[PDB]
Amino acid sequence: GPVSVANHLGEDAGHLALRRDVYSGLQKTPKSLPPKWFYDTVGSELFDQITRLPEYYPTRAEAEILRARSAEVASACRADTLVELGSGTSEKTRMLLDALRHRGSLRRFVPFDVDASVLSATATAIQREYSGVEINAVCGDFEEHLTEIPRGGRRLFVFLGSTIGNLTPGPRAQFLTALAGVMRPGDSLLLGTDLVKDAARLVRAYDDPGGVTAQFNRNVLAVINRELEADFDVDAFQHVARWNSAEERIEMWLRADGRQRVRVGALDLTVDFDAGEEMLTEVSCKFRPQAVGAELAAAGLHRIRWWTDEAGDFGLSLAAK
(Lines of atoms letter the chains of each structure in order from A and count residues from 1; the text may use other names and numbers.)
(Lines give C-alpha, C1' and ligand atoms only; values in the text may rest on other atoms or scores of the structure.)
Protein backbone atom coordinates (compact mmCIF):
# COMPACT_ATOMS: atom_id res chain seq x y z
CA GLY A 1 0.00 0.00 0.00
CA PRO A 2 0.99 3.62 -0.64
CA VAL A 3 2.69 5.89 1.89
CA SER A 4 2.13 9.61 2.35
CA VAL A 5 3.80 11.93 4.84
CA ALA A 6 2.30 15.42 5.14
CA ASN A 7 4.31 17.93 7.18
CA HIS A 8 2.67 20.92 8.87
CA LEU A 9 5.45 21.90 11.32
CA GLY A 10 7.92 24.58 10.27
CA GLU A 11 11.50 23.37 9.81
CA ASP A 12 12.37 25.01 13.14
CA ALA A 13 8.97 24.62 14.83
CA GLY A 14 10.72 22.57 17.51
CA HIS A 15 13.46 25.08 18.34
CA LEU A 16 11.08 28.04 18.63
CA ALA A 17 8.83 25.89 20.81
CA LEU A 18 11.81 25.11 23.05
CA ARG A 19 12.78 28.81 23.32
CA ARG A 20 9.24 29.84 24.31
CA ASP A 21 8.65 27.17 26.98
CA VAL A 22 12.06 27.54 28.65
CA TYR A 23 11.85 31.36 28.69
CA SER A 24 8.35 31.37 30.18
CA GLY A 25 8.86 28.45 32.57
CA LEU A 26 12.22 29.46 34.02
CA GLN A 27 10.69 32.76 35.18
CA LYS A 28 7.57 31.48 36.97
CA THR A 29 7.09 30.66 40.66
CA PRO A 30 8.01 27.83 41.00
CA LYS A 31 10.07 27.16 37.88
CA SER A 32 8.35 24.66 35.61
CA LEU A 33 9.25 23.02 32.29
CA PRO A 34 7.10 20.99 29.88
CA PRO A 35 7.78 17.23 29.86
CA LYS A 36 7.86 16.93 26.03
CA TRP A 37 11.49 18.06 26.01
CA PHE A 38 12.60 14.87 27.81
CA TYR A 39 12.35 13.03 24.48
CA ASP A 40 15.40 13.81 22.41
CA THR A 41 17.35 10.72 21.32
CA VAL A 42 19.28 10.20 24.57
CA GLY A 43 16.05 10.82 26.47
CA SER A 44 14.02 8.48 24.28
CA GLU A 45 16.60 5.79 24.93
CA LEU A 46 16.20 6.34 28.68
CA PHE A 47 12.43 6.06 28.38
CA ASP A 48 12.91 2.74 26.61
CA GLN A 49 14.71 1.54 29.74
CA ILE A 50 12.05 2.82 32.13
CA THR A 51 9.41 0.69 30.40
CA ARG A 52 11.39 -2.45 31.34
CA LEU A 53 12.23 -1.60 34.94
CA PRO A 54 10.52 -3.83 37.52
CA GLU A 55 9.27 -0.72 39.34
CA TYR A 56 7.52 0.68 36.22
CA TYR A 57 4.26 -1.28 35.72
CA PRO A 58 2.29 0.98 33.31
CA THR A 59 3.82 -0.25 30.03
CA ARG A 60 3.46 -3.89 31.07
CA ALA A 61 -0.01 -3.36 32.53
CA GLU A 62 -1.47 -1.77 29.39
CA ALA A 63 0.27 -4.48 27.31
CA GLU A 64 -1.56 -7.15 29.30
CA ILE A 65 -4.97 -5.51 28.71
CA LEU A 66 -4.21 -5.03 24.99
CA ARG A 67 -2.92 -8.58 24.55
CA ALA A 68 -6.29 -9.68 25.92
CA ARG A 69 -8.79 -7.11 24.66
CA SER A 70 -7.52 -5.95 21.25
CA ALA A 71 -9.88 -8.32 19.45
CA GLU A 72 -12.86 -7.10 21.44
CA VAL A 73 -11.72 -3.52 20.73
CA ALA A 74 -11.75 -4.24 16.98
CA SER A 75 -15.11 -6.02 17.23
CA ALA A 76 -16.83 -3.18 19.08
CA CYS A 77 -15.40 -0.33 17.03
CA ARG A 78 -15.38 -1.99 13.55
CA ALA A 79 -12.79 0.46 12.31
CA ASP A 80 -10.99 0.30 8.99
CA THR A 81 -8.58 3.08 9.99
CA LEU A 82 -6.22 3.30 12.99
CA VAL A 83 -5.10 6.82 13.98
CA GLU A 84 -2.29 6.93 16.55
CA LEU A 85 -1.61 10.12 18.50
CA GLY A 86 1.96 8.96 18.89
CA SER A 87 4.86 7.69 16.80
CA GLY A 88 3.56 4.22 15.82
CA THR A 89 6.73 2.39 16.97
CA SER A 90 5.10 0.50 19.85
CA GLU A 91 4.38 -3.21 19.98
CA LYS A 92 0.86 -2.12 21.05
CA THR A 93 0.45 -0.39 17.68
CA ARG A 94 0.98 -3.77 16.00
CA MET A 95 -1.50 -5.40 18.41
CA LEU A 96 -4.29 -3.09 17.25
CA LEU A 97 -3.31 -3.27 13.55
CA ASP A 98 -3.31 -7.06 13.89
CA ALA A 99 -6.84 -6.99 15.35
CA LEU A 100 -8.28 -4.95 12.50
CA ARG A 101 -6.43 -7.04 9.89
CA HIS A 102 -7.61 -10.29 11.52
CA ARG A 103 -11.12 -8.81 11.39
CA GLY A 104 -10.59 -8.31 7.65
CA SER A 105 -11.04 -4.54 7.95
CA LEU A 106 -7.58 -2.91 8.17
CA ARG A 107 -7.56 -0.37 5.32
CA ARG A 108 -5.65 2.72 6.55
CA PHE A 109 -3.14 3.75 9.24
CA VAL A 110 -2.51 7.35 10.31
CA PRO A 111 0.42 8.01 12.68
CA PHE A 112 0.29 11.57 14.04
CA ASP A 113 3.45 12.86 15.76
CA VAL A 114 5.80 15.86 15.72
CA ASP A 115 9.03 14.23 14.48
CA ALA A 116 8.64 13.76 10.72
CA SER A 117 11.75 11.60 10.62
CA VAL A 118 10.18 9.11 13.05
CA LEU A 119 6.94 9.09 11.01
CA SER A 120 8.81 8.39 7.76
CA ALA A 121 10.58 5.42 9.36
CA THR A 122 7.32 4.12 10.84
CA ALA A 123 5.46 4.35 7.52
CA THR A 124 8.23 2.40 5.76
CA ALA A 125 8.09 -0.35 8.39
CA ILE A 126 4.29 -0.62 8.53
CA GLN A 127 4.13 -0.60 4.71
CA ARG A 128 6.49 -3.59 4.59
CA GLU A 129 4.60 -5.53 7.30
CA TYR A 130 1.00 -4.89 6.15
CA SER A 131 0.29 -5.21 2.44
CA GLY A 132 -2.70 -3.25 1.27
CA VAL A 133 -2.67 -0.63 4.02
CA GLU A 134 -2.51 3.05 3.09
CA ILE A 135 -0.21 4.82 5.57
CA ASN A 136 -1.28 8.50 5.74
CA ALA A 137 1.25 9.90 8.24
CA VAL A 138 0.72 13.41 9.64
CA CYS A 139 3.39 15.68 11.16
CA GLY A 140 1.61 18.22 13.37
CA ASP A 141 0.71 19.02 16.97
CA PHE A 142 -2.53 18.75 18.98
CA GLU A 143 -2.98 22.52 19.34
CA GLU A 144 -3.52 23.18 15.63
CA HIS A 145 -3.34 20.11 13.37
CA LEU A 146 -5.88 17.56 14.60
CA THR A 147 -7.98 18.81 11.63
CA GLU A 148 -5.22 17.60 9.29
CA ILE A 149 -6.02 13.95 10.07
CA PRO A 150 -7.72 12.46 6.93
CA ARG A 151 -11.49 12.08 6.54
CA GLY A 152 -13.68 9.06 5.80
CA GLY A 153 -14.05 5.42 6.75
CA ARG A 154 -14.66 4.47 10.41
CA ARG A 155 -11.77 5.72 12.51
CA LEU A 156 -10.37 4.52 15.84
CA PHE A 157 -8.22 7.20 17.48
CA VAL A 158 -5.67 5.74 19.89
CA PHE A 159 -3.91 7.56 22.78
CA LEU A 160 -2.30 5.07 25.15
CA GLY A 161 0.21 4.89 28.00
CA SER A 162 -1.52 7.51 30.18
CA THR A 163 0.05 10.20 27.98
CA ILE A 164 -3.08 12.24 28.67
CA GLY A 165 -1.94 12.05 32.32
CA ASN A 166 0.78 14.48 31.31
CA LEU A 167 -2.06 17.06 31.00
CA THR A 168 -3.43 18.76 34.12
CA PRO A 169 -7.27 18.93 34.23
CA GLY A 170 -7.49 22.32 32.50
CA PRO A 171 -5.46 21.42 29.42
CA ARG A 172 -6.84 17.84 29.59
CA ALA A 173 -10.47 18.85 28.94
CA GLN A 174 -9.15 21.26 26.30
CA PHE A 175 -7.52 18.33 24.48
CA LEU A 176 -10.46 15.90 24.73
CA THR A 177 -12.85 18.56 23.45
CA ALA A 178 -10.63 19.27 20.45
CA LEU A 179 -10.24 15.56 19.67
CA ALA A 180 -13.94 14.79 19.98
CA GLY A 181 -14.46 17.89 17.85
CA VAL A 182 -12.64 16.31 14.87
CA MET A 183 -14.28 12.89 15.42
CA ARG A 184 -17.11 11.88 13.22
CA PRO A 185 -20.11 9.94 14.58
CA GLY A 186 -19.25 6.23 14.60
CA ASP A 187 -15.58 7.01 15.25
CA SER A 188 -14.14 5.89 18.55
CA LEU A 189 -11.31 6.75 20.96
CA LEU A 190 -9.14 4.25 22.84
CA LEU A 191 -7.49 5.93 25.82
CA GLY A 192 -5.12 4.53 28.46
CA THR A 193 -5.09 5.95 31.98
CA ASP A 194 -2.95 4.90 34.93
CA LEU A 195 -5.13 4.55 38.03
CA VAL A 196 -4.81 5.87 41.57
CA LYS A 197 -3.19 3.26 43.80
CA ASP A 198 -0.90 2.97 46.84
CA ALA A 199 1.36 6.02 47.01
CA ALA A 200 4.42 3.96 48.00
CA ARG A 201 4.13 2.00 44.77
CA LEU A 202 3.42 5.16 42.75
CA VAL A 203 6.56 6.88 44.07
CA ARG A 204 8.86 3.89 43.45
CA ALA A 205 7.61 3.67 39.83
CA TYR A 206 9.10 7.16 39.27
CA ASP A 207 12.34 6.71 41.22
CA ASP A 208 13.94 3.36 40.48
CA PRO A 209 16.91 2.42 42.72
CA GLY A 210 19.56 2.56 39.99
CA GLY A 211 18.22 5.96 38.96
CA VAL A 212 17.31 5.45 35.31
CA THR A 213 14.40 7.81 35.95
CA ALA A 214 16.77 10.23 37.65
CA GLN A 215 18.90 10.48 34.52
CA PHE A 216 15.72 10.82 32.43
CA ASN A 217 14.59 13.80 34.52
CA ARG A 218 17.99 15.50 34.63
CA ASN A 219 18.29 14.98 30.88
CA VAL A 220 15.99 17.98 30.39
CA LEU A 221 18.88 20.14 31.61
CA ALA A 222 21.19 18.62 28.97
CA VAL A 223 18.76 19.35 26.12
CA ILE A 224 18.50 22.95 27.31
CA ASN A 225 22.27 23.30 27.71
CA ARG A 226 22.79 22.03 24.16
CA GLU A 227 19.94 23.64 22.25
CA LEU A 228 19.85 26.98 24.06
CA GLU A 229 23.54 27.26 25.06
CA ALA A 230 22.93 27.29 28.82
CA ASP A 231 25.20 26.25 31.71
CA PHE A 232 23.21 24.08 34.13
CA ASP A 233 25.50 22.21 36.49
CA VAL A 234 23.48 19.08 35.77
CA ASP A 235 25.20 17.00 38.46
CA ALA A 236 24.09 19.52 41.13
CA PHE A 237 20.34 18.96 40.53
CA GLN A 238 18.67 16.01 42.30
CA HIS A 239 15.75 13.86 41.10
CA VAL A 240 12.72 14.12 43.41
CA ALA A 241 9.62 11.94 42.84
CA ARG A 242 6.71 13.53 44.74
CA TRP A 243 3.14 12.32 45.37
CA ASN A 244 0.63 15.21 45.24
CA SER A 245 -2.19 13.66 47.24
CA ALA A 246 -4.80 16.42 46.78
CA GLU A 247 -4.42 16.56 42.99
CA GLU A 248 -3.90 12.75 43.00
CA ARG A 249 -0.88 12.94 40.73
CA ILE A 250 2.81 12.07 40.67
CA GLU A 251 5.15 15.06 40.17
CA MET A 252 8.77 15.07 38.94
CA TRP A 253 10.92 17.86 40.40
CA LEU A 254 14.60 18.76 40.28
CA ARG A 255 15.94 19.99 43.63
CA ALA A 256 18.91 22.34 43.30
CA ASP A 257 21.73 21.41 45.65
CA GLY A 258 23.23 24.74 46.59
CA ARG A 259 22.30 28.10 45.09
CA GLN A 260 22.55 27.86 41.28
CA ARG A 261 22.88 30.71 38.77
CA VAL A 262 22.21 29.45 35.24
CA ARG A 263 22.42 31.58 32.09
CA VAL A 264 20.56 30.59 28.91
CA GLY A 265 22.51 32.40 26.18
CA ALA A 266 20.15 31.99 23.21
CA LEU A 267 17.45 33.63 25.32
CA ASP A 268 19.67 36.37 26.82
CA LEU A 269 18.24 35.41 30.23
CA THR A 270 19.64 34.51 33.67
CA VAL A 271 17.67 32.55 36.29
CA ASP A 272 18.46 31.85 39.94
CA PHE A 273 17.74 28.87 42.20
CA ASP A 274 17.93 29.11 45.98
CA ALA A 275 19.70 26.22 47.71
CA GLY A 276 17.11 23.43 47.82
CA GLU A 277 14.78 25.09 45.30
CA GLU A 278 12.78 22.59 43.26
CA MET A 279 11.65 22.88 39.64
CA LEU A 280 8.63 21.03 38.26
CA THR A 281 9.49 19.04 35.11
CA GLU A 282 6.50 16.64 34.89
CA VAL A 283 3.12 15.82 36.32
CA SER A 284 1.77 12.32 35.83
CA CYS A 285 -1.92 12.48 36.76
CA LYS A 286 -3.48 9.28 38.07
CA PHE A 287 -7.11 8.52 37.38
CA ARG A 288 -10.24 6.98 38.83
CA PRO A 289 -12.50 4.84 36.63
CA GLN A 290 -15.62 6.99 37.12
CA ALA A 291 -13.67 10.21 36.59
CA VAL A 292 -12.30 9.02 33.26
CA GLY A 293 -15.72 8.15 31.83
CA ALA A 294 -17.20 11.36 33.22
CA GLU A 295 -14.37 13.38 31.60
CA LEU A 296 -14.94 11.67 28.24
CA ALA A 297 -18.60 12.66 28.56
CA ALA A 298 -17.80 16.34 29.12
CA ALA A 299 -15.96 16.33 25.76
CA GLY A 300 -18.90 14.70 23.96
CA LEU A 301 -17.74 11.07 23.97
CA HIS A 302 -19.57 8.20 25.62
CA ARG A 303 -17.51 5.34 27.08
CA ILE A 304 -18.78 1.92 25.98
CA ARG A 305 -16.00 -0.32 27.36
CA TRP A 306 -13.69 -0.04 30.33
CA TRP A 307 -10.92 -2.55 30.91
CA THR A 308 -8.50 -3.19 33.73
CA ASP A 309 -5.39 -5.30 34.04
CA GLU A 310 -5.54 -8.39 36.24
CA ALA A 311 -4.19 -6.33 39.18
CA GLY A 312 -6.28 -3.13 38.91
CA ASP A 313 -3.29 -0.95 38.08
CA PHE A 314 -4.13 0.52 34.66
CA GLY A 315 -7.29 1.38 32.74
CA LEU A 316 -8.20 1.33 29.05
CA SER A 317 -11.33 3.16 27.89
CA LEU A 318 -13.21 2.83 24.60
CA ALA A 319 -15.53 5.72 23.81
CA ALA A 320 -17.65 6.57 20.79
CA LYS A 321 -18.76 9.71 19.00
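All residue numbers are counted from 1 along the displayed sequence.
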query: Selected stretch [higher average CA B-factor]: 189 to 197 or 82 to 90; finding: 82 to 90
query: Ranked C-alpha temperature factor of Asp208 among modelled chain residues, by third; finding: lowest
query: Third assignment of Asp40 from its chain's C-alpha B-factors; finding: middle
query: Assigned third (lowest, middle, highest) for the C-alpha B factor of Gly132; finding: highest
query: Third of chain Cα B-factors occupied by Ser162; finding: lowest
query: Where the record places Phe273 (Cα B-factor, split into thirds across the chain); finding: highest
